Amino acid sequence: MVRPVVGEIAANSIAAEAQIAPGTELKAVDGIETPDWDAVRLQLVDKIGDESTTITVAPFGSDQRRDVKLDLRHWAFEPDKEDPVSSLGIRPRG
């Protein structure tokens, strides 16, 4: 019901750069499995102060998992007032 499925990708975003596509499900962030978008956020918050993070994804309609690196060198959001996922260019479905 609440699996972390990508709804939209913002052009020129960190996620767009890593070529994550709509319909893709995020399975893990840096090796920690993430069952919903909140779990993804909690892992992303731990990556504040990192240069990059590796997300495991499964493209729409496929069971095949693969890792993609996100470049966080220029990543910035207000942790208390903004969604970390949005700041990466991702709009959760739906």
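In this text, residue numbers run from 1 along the sequence as written.
J.: Between 20-28 and 7-15, name whichever shows the higher mean Cα B factor according to the PDB entry.
T.: Comparing 20-28 with 7-15, the higher mean C-alpha B-factor belongs to 7-15.
J.: Checking the record values for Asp63, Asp36, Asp67, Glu33, which has the greatest CA B factor?
T.: If I rank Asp63, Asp36, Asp67, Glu33 by C-alpha B-factor, first place goes to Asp63.
J.: Based on the entry's values, in what third of the chain does the Cα temperature factor of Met1 lie: lowest, middle or highest?
T.: Its C-alpha B-factor, which the entry lists for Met1, ranks in the highest third among residues of this chain.
J.: Ranked by Cα temperature factor within the chain, is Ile48 in the lowest third, the middle third or the highest third?
T.: It falls in the top third of the chain.
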